[PDB]
Structure formats: structure tokens, C-alpha cells
Amino acid sequence: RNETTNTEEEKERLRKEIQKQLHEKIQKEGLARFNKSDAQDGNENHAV
Amino acid sequence: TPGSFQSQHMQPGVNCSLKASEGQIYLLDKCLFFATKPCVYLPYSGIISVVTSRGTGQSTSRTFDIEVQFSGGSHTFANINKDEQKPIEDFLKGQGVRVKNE
Amino acid sequence: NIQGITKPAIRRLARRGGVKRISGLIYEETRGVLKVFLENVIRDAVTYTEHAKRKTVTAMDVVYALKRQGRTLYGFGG
Amino acid sequence: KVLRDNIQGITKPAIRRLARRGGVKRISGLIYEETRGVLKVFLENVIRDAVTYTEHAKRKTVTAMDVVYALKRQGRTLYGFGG
Amino acid sequence: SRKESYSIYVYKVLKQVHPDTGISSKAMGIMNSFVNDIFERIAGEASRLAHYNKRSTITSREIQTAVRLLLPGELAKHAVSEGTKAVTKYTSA
Amino acid sequence: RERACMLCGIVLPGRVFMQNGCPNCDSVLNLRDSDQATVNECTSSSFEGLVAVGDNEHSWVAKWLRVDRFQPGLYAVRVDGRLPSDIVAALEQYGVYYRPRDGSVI
Amino acid sequence: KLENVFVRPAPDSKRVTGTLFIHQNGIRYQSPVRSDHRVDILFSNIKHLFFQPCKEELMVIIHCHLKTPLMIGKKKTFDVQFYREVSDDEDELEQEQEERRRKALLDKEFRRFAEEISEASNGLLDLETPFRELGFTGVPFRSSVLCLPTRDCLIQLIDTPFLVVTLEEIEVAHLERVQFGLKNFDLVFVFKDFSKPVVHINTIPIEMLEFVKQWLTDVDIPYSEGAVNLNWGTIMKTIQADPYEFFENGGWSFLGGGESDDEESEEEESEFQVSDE
Amino acid sequence: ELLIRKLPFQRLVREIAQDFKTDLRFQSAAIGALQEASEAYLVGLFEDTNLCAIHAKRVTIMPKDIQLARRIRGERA
Amino acid sequence: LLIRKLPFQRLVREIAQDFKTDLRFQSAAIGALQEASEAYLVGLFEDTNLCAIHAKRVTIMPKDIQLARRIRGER
Amino acid sequence: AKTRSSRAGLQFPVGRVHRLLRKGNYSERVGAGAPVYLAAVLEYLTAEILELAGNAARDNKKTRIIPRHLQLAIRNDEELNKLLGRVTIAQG
DNA sequence: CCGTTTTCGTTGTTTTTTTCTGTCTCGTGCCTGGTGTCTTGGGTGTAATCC
Ligand SMILES: [Zn+2]
């Protein structure tokens, strides 16, 4: 069992590495989606 | 106000369910009162008999049920703690109510 | 042999338990629960029997197996 | 000196924090008192046994092993403090 | 006297299992409590069996069937195999 | 509601047979230890000829009805229905011969 | 055409069986009792097309999840479900075998019809089926239900209200209540469109935690775990007010904080693996 | 009185037991004790299930009620 | 531990003041009591959360606690 | 091989277990392989637990095992948690 | 039981800032109302046994 838990946990290190690459990817794709010019053009929403 | 009834826990009433509604039953000197929607007032003068079921056969039911029979129907109060059975029976016998134990 | 626990028997057990209305899957659920319970108890009893070097399962094995689970039973020689 | 009504030392945040560790999102206001009563009844049941052990050993100090045996009697075995 | 505990044995087992891992003092307290608890359970059940069968000796069969009762399936199988192996080799030696 | 035990011929309420079993046939039928199907197969509510026996030993009727070795009580001259083949074989295993009281066999 | 079909949501307060027809640019449900209770669904407006056979169910289902909501009777809906129901010792075992035949018959017919809908769409619509073996129990609304993954979505179709979560629209998943020996946890989906409300799935059994974490990783969805139910009504309104400042300060990548960052431990006893006396 | 028929329960017991050791014998009192314990257990479980069902403001017991009762007891993980 | 160490100590002493007057306590007795109490309460809150979710709710109410203690077999 | 542990290839003390079984009031007599069998079982179980505790401490990038890792190991193993379902772990 | 060592429990004081709270608006979920359709009762009606 010890060599299988080592193997399963190395697959779990790959699981964590993927999760880290997903958080870094979304951080880069949130900074690219929103620019400082859109923040300057802030739209104030008013009750109709 | 609350009557001379005191639960095993020295409380003026007992937790019970009437159908799907959880609530509190008060044994007052002249009447049984259930204070939880729907509110139920039962005067002792209108009660024909009280039937107590502690399992209706094998297997000890931790929580027992009280069926109050009166001239207009019956009300089953369920999920009463078994420790409260003797105080309730002795009080109802003291008020002149006919208690039946299946 | 698990179909021998018919629907009326489960209904009877629920009525003695105070149950007013019963779903349709309750029967299969109850059969599964009973099977698990019986599996554990009979496994313990057979362990006791094998240890006693017997081929017959006595009432003492069942009583000790229930005492093992915490389900102490009176009236069978305990 | 006698201690009087120290149950309110289980302030609202302790009970709230205990609920959050338990996974509770929204907490009714009647819970805190409910919980307090429950805890009282628990401790009174455990302490009465621990004290029973302490008094039987003809001692005057409640030791950790007394608590451990009191818990073990209720099926509350505790690892970390001896055993 | 010097209190008895299973700490050195747990160090030995740990180094056998994880040479590059260490145990805190509190984790060793927990492990000692666990070992004592398991010993108490097994000895009590062995005594119960011996009394059930009107015997006055605890032999490896009582301990084996106690392990069969207490442990779940795979745990029981492996622990029984380990114990029989160790007893066989101690007898042989 | 009353039913007549097929084997011994006694008549008792069906719920009595279910709850307590036949006081005479329990040594070979185990009616109390039997389910409702077996109770019906050994106790029938369709019968005829209510019989009350006071003294089994000296009553010629009891000997004629072969109930002189049973508990006094309500008995039926004729009972509708016979014992099943499996129950017949089980009784034959015990060495007891079953004579039907249905009247069709004489 | 597919005959003897019930529609959800119903166009009238009375449950009536209808016929479903395939046309050139969509499908039409038509009740036999009233011509005015027609429901028309264009292929261009279907986002997802699900089929669900009677693997444990008393019912067979063809579900259309829509891009734009339709007004069926008095109700606005994104979801239109078409369904039929199977419901109506060896003899009882044989009656189960006869029910298994009736299941397989309705399964084959409704699967074939859902494939024929996909064909009629000229490749605009893929037919999805739930992976039952990957299903987990949870509470998205008010009842415990089996949530079923598909190729592209997380679904629940048996009970109303329906759950349809498109996996591609998820920005992040948060696992709430996850901590030391906990009985159950909650799962929260945040969408890429911050105007869309977050979806909660409650009471997922803790036994399914490692499976759900694996499944989210296999689908390329980032996840985070927390001991406390974080409020999203607050989180979202702040994020909607300035999405740029949110990502500037670390978005959700900083919130994740996977690094255990624990070195204090609890000291150590004299390390001595030697037999004493 | 026992609410399960005796022969079905005996057949079930023998079927289950046959998966641990062939040619096992059971005293009739063992089967009786097993039946008493099983019915007592099932009645207690049905009482807890009824309590759960009434708690949810319903009258019909459901499999989710059973699973919740068994989880709260500490029987299912 | 979420509860503090001194209010809990005072509570424990106050409760212990009924069974024998002027009782001393030991190094690891109050700590063990606090660990057991918090573990017990966390388990109880788990069961209460399960019941509250069962009722289609998210707020735990005293009747859920009562149901949990009833099913556990607590008096 | 003087010590009885060596003659059985064990790390736990056979002699101490023998003394505790005798001076413990369990039965009139004790076998010769019951202490050996019990020591083997105990050593196996401790190794079983320490493997998973080491795994959990290595998943948290920690060199020392603390009560947290023991709690994780126990509550994450189906069989161990079933064995230890009624056990509270301090600081777990 | 009696003498030894020295840990950590009890005692008190100062400072920090997270938690408790007063206050407001909104909403979501608790509670009242309208409705389904099933299991079952009370009754008519046709038809009958019994003496
Ligand atoms: Zn008879």
C-alpha cells in the first residue's frame, strides 16, 4: 500500500499543480478582460 | 397562570408535536393548553379519556404519545419524552381525568 | 430469500412504530438496512461459534454478539 | 468565594465560532441559550463522575486521569492527555 | 521509578516507516493512549471469551478471534496474517 | 369471527389462533408459530355443526369425532377445506396420520 | 412526432398529455384538448439538449435548456422539459421484469427522438446524457437531489426547480464548511458573468469531497476551500463595483492560499530509538 | 407477537450465514432471538424515522428520512 | 480552542462547587474538559446542521437541537 | 537473540506485555504466543497509522507529525475511523 | 508516607483592536390563501333471506 499511496499522492501533487496553474490562468485572464480604461468609464446605475 | 404541574425537569410544560406542528403543552389546573399554531384549548370537563401509547407492543419507544378524547373528536400529541409519562398521568388522575394505558 | 420480507410485514412494523404514511422505496431501504444489521450480527455469532469449535450456532452466541454490539437482550439465558 | 452564574462566560462569539466550525451559516438567537443549557447538563454529568473518582481515591485534587475515566465511562475516550 | 511508555518503540517503528519524519510530544502522548486503549480492549475481550468458554488460560487463539471480532475486514485479515507469521517465526526460532 | 382448526377440529376466533395458536395441535402444527397462510390452511372459518364437549373421556361423541384426547370447547362436525400436501407430508414425518374432517373422506 | 408527452412548466393548471413535433427550425408541443396551448421552441434558442433514461427513475425525460427565456402560459422559463412516466415472490419479481421492459421501451423511443432532434438541427445541437456513476447527492434548492454531471454541464432534471450549470460559464468553485472531521460541506459556483447570482449546492456528503475536488480538476475549474460560509451577496457587489481593482489585488488566486504555511508544529521529544531497560 | 413469518426469516438467516461457512446449524432459539432483536431494532428505527418526518412537517416517511436518522445515530458515515 | 481558558475555568469550578466544597483542579483536567466539551458541541452542531438542511433551511433552530438530542438518546 | 522480541523479529517488548498480561488480572494462565501475537498486532497497527500520518504531514510540507496529522489520518481512513469513531483527539 | 526538584498554575497590569451594537434599508422565507385528487364514508337503490 505505501507505494500506491505515494503514487496516488503524486497524482494529487499533479492535481494541486493543475489547480495552481488554473488560479494563475484566471488571474491573468481577469487582468486581460478588465482594463484601467473601463474602470475610469465607471457607469453609475440609477433607479428607473 | 401555570398550574401546580411541574415536569420531571421542574418545567411548567412539556415539549410535544401536534401533527406536523412542534410546540409546548401546559397542564393548567382547569384545562390542557397547547401554545403553538394551531393553539388548542381543552377544558378537563370536556375530556372523556386520555389514552397513552408507549410503543403499542415490542421495542421501547423513547418518545410516547398522548391521545386526548373529547365529545368533538381526538387530539394526538406525539414525541413526548417517556420520563414525563408518570408526572402527566398522576396530574391528570389528580384532576379527575380518566387515563387509559394500552 | 430477501424477498421473503414482504411489503405487508414492513407496513406492520411501521404501524407498530407509529408511522401513518409510507413511501414506495421504504421497503427496499428497509431491506437493505436489515440485511446490513443481520450481516454484522451473524458474522459476530459465527465468529463466536468457530472459536468455540462448534458447527451449530447456539443462543449464547447470539446473546454475546448482541452484547458485543450493545443490544443487550433479556430472556434467552443471559 | 462562591461563583454565581458564570454560564454567561460562554459569550455569543464562542457559540458562533463553534457553529462555524460545525458548518452552520445562519444561527437563530434562541440557540445560544439552548447550547448553554446543553453544555451545563453535559459538564454536570461528566464532573459528577470525575468528582466521584476523586473522592473515592480519598484525594482532594481532581486529576486528569479522573476526567479520563469519567469520559471513558460514557464512551468518550480522549487521546492526548494520558490513557 | 521511571514511568513506562511506548515512545521509544514508536520512534523505532516510525524510523522503520518514515526515516525522514519526526513526531511531536503530543502526538506521542496520543499514540501511547491509543496503544494502551487497544491493549485494554483486546485483553478484556480475551478474558470475556475465556470466561464464556470456561477456560483459565489466554492462548493465541483467543487473541486471534478477538482481533477477528474487533478489526474490520481487511484490517483483520492483515493483522491476523502478521500475527500468525510472527508467532510461527518465534516458535521456529 | 371464529375459525375451526382443521386438524383437531376445535373452533376459536381466528385472531385467537394467530395470537396464541391451537392449544391441542401446537405439538404438531405450531399454529402460533405459523403465518396467516398456514393458520388458514389449518384453521378454517367455513365450517358446520358447532359441538360443545364437556368430558372428553366419557363422551361417546368425542370418541366418534376423535376429539376425546383434546381440550374441551367449541368443535365443528364438518370443516371446509383440507390440509395442504406439504403440511400433510410434514405431519406424516412426525408419524401422525391425518384423517380429514371435511366429510368427503369417510 | 412523439406522442403521450407531458410538458414542464405546464401551459395550463391542468396536466394534459400532448404530442411533440419536429419542424424545420425547431420543435412544437401541441395539446390535443386545446389548439391554443402550443409551445414552440426554435433550435437557435436551445443551449443544451439532455436525454435521461429510467436507470432508477419512474420517468423518461427530454430537457431543453434555453439561451433566452420563454413565456409558457404565465411563467417565464429557461427550461422546458418533455417527459413520460412508467408507473401504474416470483410473481412480484416478474412484475419488476415487466417494468424493466417498459423502462427499456420508453428509453429507446425517447433517446431515438432526442437523436432525431439533434439531426434536424443540422449539427447546432448535441445530445447529452448524464453520467450516473459520477453523480453526487446535494441540496441546490429545498430538497436533497442527485446532481448528475454530463459532458458540458452539472444537471438535476427529476424535480422542479431544475438545475442546469454550464461548466464553461464557471469562473471559480468554493467549498464551504470544509474543516476538521466535518459531517457535510457546501459547494458554491461563481460565474464568469458577475451579474449572474452564485449557485449553492448544500449538504454534499463529506465522503464525496475528494471525488468533487478531483472532478473539478478534471474539468479545469479552480477551487478553494473554507471553514465558513462566505457571503456572496457582499463579495459579488464589491466585485461588480470595481472588477479591475479586484484582480489588481490578487482576484481569487491570493484567496486560494494553497500553501499550508505551518512550521510552528508542537515541538518534539528527545529523539531516541533505543531500547531502555 | 412477532410480525415476520418464521420460515422466511429462517431462510434469510440461512442464506446470509451460508456466505461465511457452509454446513452451519442454528438452534431455534437463536433464530427467535435474532428475530426479536431485528424487529426491536427496526421498530426503533421507524420511530426515529417518524420523528424526522414529523420534523420536516410531513406525514410520509421517505428514504432520505431513514438515511438522516441513521446518519444522526452514527450508523452510516 | 475557541472558548477561552479562564471563563471556562470559572464555569467548571462553579459547577464543581455543588458536589464537594473547595476542590482543587489539576494541570491537564480543565484542558481535557474543554477539549471534550468543544468536540461534543461541534458534533452536536453537525447533527443540528444536518437536521436544518433536512428541513430545507439554512438556519439552525432550537427544535433541531432537540431532535438531534432525542435521536442521539440524550436526556 | 536474547530478548523475546528478537526471537520473534519484533520491536515491541514481549516481556513487558507478558508482565502486564500476568499482573493485570485477566486469566489464571497465559500462553506463550499470546504476548507475541498481540505485540505483532500492535506493531502492525502503529505502522499502519504512522504511514498515513507521515503521508498527511508530507502533504502539508511538514517534517514533524502533530495531532492534526493524526486526526487527518484517522478521519480519512475508512477502517481506522470506524475503529476510532468514538475517540476524541486533543488538538485534532 | 516523607522528602526532594522545578513545571506551570494562579495573580495582577497594561495595551490593542476584533467583536458587539446602534441604525437604516431591502429581501427572502415564513405564513395565509387557493387549489388537486385520492381514500374513504354515508346513502340510495336493487335485490334478498327468514319466519
Ligand atoms: Zn388444532
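Residues numbered from 1 in each chain as written, not as in the entry; some residues may be left out. Chains lettered and ligands numbered in written order. Part of a larger assembly, values for the part shown. Heavy atoms only, no water. Residues with missing side-chain atoms left out of burial classes, pairs and counts.

I'd like to hear about empty space enclosed by the protein, residue by residue, with values.
Approximately 70 Å³ is the volume found for the largest cavity. Around the largest cavity sit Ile38, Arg41, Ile42, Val67, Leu70 and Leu71 of chain E together with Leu45 and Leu83 of chain J, which together line it. Sorting the residues of the lining of the largest cavity by element identifies α2 (25–52) and α3 (60–70) of chain E as the ones contributing at least two each. Here the lining of the largest cavity gets three residues from one element, more than from any other, and that element is α2 of chain E. Of the residues assigned to the lining of the largest cavity, the class counts are seven nonpolar, no polar and one charged. (1 Å grid on protein atoms, 1.4 Å probe; cavity = no way out; pocket = protein on both sides within 12 Å on 5 of 7 lines; lining within 4 Å. Points joined across faces, edges and corners; volume = space filled by probe spheres on them. Helix = DSSP H or I, 4+ residues; strand = E, 2+ residues; numbered from the N terminus. Nonpolar A, V, L, I, M, F, W, Y, C, P; charged D, E, K, R; others polar.)

Could you give an account of the interface of chain J and chain E, with specific residues and numbers?
With 53 residues of chain J in contact, the opposing surface of chain E contributes 54 residues. Across the chain J/chain E interface, buried area totals approximately 4900 Å², and carbon plus sulfur atoms make up 74% of it. Inspection of the chain J/chain E interface yields two salt bridges. Note that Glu4 of chain E is salt-bridged to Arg19 of chain J, the shortest N-O span being 2.9 Å. Secondary-structure elements contributing two or more residues to the side of chain J that touches chain E are α1 (4–8), α2 (14–22), β1 (29–30), α3 (34–59), β2 (64–65), α4 (67–76), α5 (78–83) and β3 (87–89) of chain J. (Contact = heavy atoms within 4.5 Å. Buried area = accessible area lost by both parts, 1.4 Å probe. Salt bridge = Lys/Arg side-chain N within 4 Å of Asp/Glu carboxyl O.)

Just give me the short version of the sheet that holds strand β3 (residues 43–44) of chain F, but keep the residues and values in it.
Residues and elements named next belong to chain F. Pairing within the open sheet is antiparallel, and its three strands lie in the order β2-β1-β3. Both outer strands of the open sheet, β2 (11–12) and β3, are each paired with one neighbouring strand and no more. As judged from the two bridges shared by strand β1 (residues 3–5) and β3, these two strands associate in the antiparallel manner. Bridging across to β3, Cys5 finds its partner in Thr43. (Pairing = 2+ DSSP bridges.)

Requested: an account of the pattern of salt bridges, with residues and values cited.
Residues and elements named next belong to chain D. Counted according to the given criterion, the structure contains 44 salt bridges over all chains. Residue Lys40 is joined to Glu44 by a salt bridge in which the shortest nitrogen-to-oxygen separation is 3.4 Å. Of this pair, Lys40 and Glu44 both sit in helix α2 (residues 31–56), four residues apart, which is roughly one turn of that helix. Using a relative accessible area of 24% as the deciding quantity, one classes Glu44 as partly exposed. (Buried < 20%, exposed > 50% of the residue type's maximum accessible area, 1.4 Å probe, protein only.)

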